Every structure is written in structure tokens, then in C-alpha cells.
Amino acid sequence: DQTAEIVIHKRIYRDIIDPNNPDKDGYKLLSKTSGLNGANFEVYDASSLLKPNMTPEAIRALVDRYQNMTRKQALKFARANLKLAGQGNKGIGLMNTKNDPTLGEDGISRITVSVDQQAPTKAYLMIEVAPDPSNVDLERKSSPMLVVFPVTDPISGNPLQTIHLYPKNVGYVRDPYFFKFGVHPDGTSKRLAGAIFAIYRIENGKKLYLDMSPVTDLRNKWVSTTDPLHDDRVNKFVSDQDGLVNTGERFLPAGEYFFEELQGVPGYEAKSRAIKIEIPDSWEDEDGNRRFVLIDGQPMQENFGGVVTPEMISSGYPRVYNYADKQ
Ligand code: NA
Ligand code: NA
Ligand code: NA
């Protein structure tokens, strides 16, 4: 008889459950192309979880019950008792997230399921399973999703023919910045404009530089370069009129990195100074205390979302001091 399409949009969000909503309170998407490929779902015919003439409240209670199970608990139930169903891209009831060339979007997986648009008699239980082997740090927080048809479109009054689901994956990133100051031999000092930095990390005893490639998943791309200053692949960060050297839209995950000065400010130019970035792997320690990014060992104030505020700019910290008086 009749079918509907369930479309999973698997994306990655940064922290600071309605699976049908692409907006998530307490979270924000990592980029416009932050879809997550390689995620896998099993989809079960869950019509036997329904009863005839059940109320909307009973359906919501059932949906909530399954959403509040862990994936492993829901799999224990579904694997034992239900059958795979729906035409997925990996098989009956089997979905893998891939790029959608039509929509131009990553993290997409579509499944066609038999539905009853006139009464709630068909339902599908969707549960994420292990991703394709290959982002170990990603928090895959999707829940068991019980999709009960029909889902009526309030605008149109029609049953929805496509259900869009936005299962939540959370990527941990932080946002380094610092201020470059210049110190005159007479003790005067100022914010420095025009310092050109790049970011590198160490891998196998060699430098890899943060490149200009679009972010995919939570991952930045890193390049070996012969000439980071003039290599267009290497992202440069320029100190502005407030002295601010800001990763800006760029973010970094946990680990150790370096801001490398590629062009010093005239008069404040000895191998190229490397300012250490130490990014802890969580916002908070065991006791809920903030864990700071360290810039050359200095704690760096930071807000969720990573935007450097006017108040942070006024503060001008952390600051790295460049001496005009060469000694
Ligand atoms: Na849940
Ligand atoms: Na940033
Ligand atoms: Na400082």
C-alpha cells in the first residue's frame, strides 16, 4: 500500500531530545557541512508496540519510553523481538549515513517504510549501532527513535510523507586566542597589529599545519608544508588592531598545538616563536571546575561557543610579550 520516507540527518554539534528538530537547546551545529558519514542504524517494524485506537498521549508515552532506553537496552529488546523493516541503503532495516549528492549534504540516510496515514498502526524503531570503522572522541548521543505514523503536518493538515530526524552527536572543541603585546626598552607597551601566525601540531616528530580545508565531521585537516607563510593551504591568523590573535571560526579539539609566528610585527621580530596551546579534553574536571585552555601556560578565559567578546578584548589576556630590545 502506502509508504513514507524517514530521512536521518546525522550531524555533529558542540555543547553550549526532540529528534525531529534540527535546532537543539544547549547545543549548536559545528558547521554548514558538519554531517557525519559512516553512522549506522537498524530499523525495526515496531507496529506490534501499538494498540488499536490508542490515544496521542499513549503514543507519546511509548515514544518516550523507547527514547529513554539506552541504545543497548533498546537493541536487546528489538533484536530479540522485532524484525528489520524498511528499504534502507544497506539492506532491509539497515541504514548507513552518506553524502547526499542531491541535497549536497553529509550524514544523510533515507529509508522507505510501509505506513498507515489514516490511523496509528505502523511504527518503526530506529536504533544507532556501531559506526563504520575508520573520531573516537565524538559523543554519539542518539537515542532509540520510535517513529509512529501518521505524523500530521500542522501547517498542511496532511500526514507527513517524509520524516526528518536529527540524531545528536556532540564534538568537543575549544577556541584558542591570545593578545600580542610589544614591550619597548623604556617599559612602554602596546597591542601589536599585523603579526602573522599559523597553527601547527607535532606528529611523528614533524610539524603539520592547520590547513584551510572545510571542516568535516569534527575534524580539521593538517598539512605538511615547505613554506607555511606563503602556502595558501596553511591558515594564517593575523593579530588585529587590538592585538588579538584569534582562531575565530576555527576550533581545535583536545591536545597540544602551537601558534607559530611567521611574520613578526616590525620592531618586535631566534627561531620563529612558538606559543604553546594546551587544550584539555573536557570543559570541567571531576568537581565541575573549569579546565582552561593554556596559552604558553597562561589560563585563557573562554565562553561556550568560543566567541571572543568585547570584554575579553578589553581585558587583553592572555598576552604574549614581544620585546623590541633585542638582547
Ligand atoms: Na535518550
Ligand atoms: Na576559534
Ligand atoms: Na597574560
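This chain uses plain numbering: 1 for the first residue, then up along the sequence. Each ligand, and each atom within it, is numbered from 1 in the order the structure gives. Scope of the values below: all heavy atoms of this structure, side chains included, with no hydrogens, waters or symmetry mates.
Among the backbone and side-chain atoms of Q67, an N, O or S atom lies under 3.0 Å from the Na ion (ligand 1). Among the atoms of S143, an N, O or S atom falls under 3.0 Å of the Na ion (ligand 1). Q298 lies close to the Na ion (ligand 3), since one of its N, O or S atoms is found at a distance under 3.0 Å.
Annotation: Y257 is not in aromatic contact with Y200 [ring centroid separation under 6.0 Å not met].
The number of heavy atoms from other shown groups lying within 6.0 Å of CD (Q298) is above 12.
By the criterion of side-chain heavy atoms lying less than 4.5 angstrom apart, applied directly or through intervening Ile, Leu, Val, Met, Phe, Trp or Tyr residues, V293 is not grouped with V307; the two fall into different hydrophobic clusters.
If you count the protein N, O or S atoms nearer to the Na ion (ligand 2) than 3.0 Å, you get 4.
Considering only residues two or more places apart in sequence or on other chains, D211 meets the salt bridge (charged side-chain N to carboxylate O under 4.0 Å, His left out) condition with none of them. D116 pairs by the side-chain hydrogen bond (donor to acceptor under 3.5 Å, both in side chains) definition with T121, not counting sequence neighbours. By the side-chain contact (heavy atoms from CB on, under 4.5 Å) test, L294 is found to be paired with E278, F292, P299, residues two or more places apart in sequence or in another chain being considered.
Figure legend: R191 and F179 shown as a cation-pi pair, the cationic atom lying under 6.0 angstrom from the six-membered ring centre and within 45 degrees of its axis.
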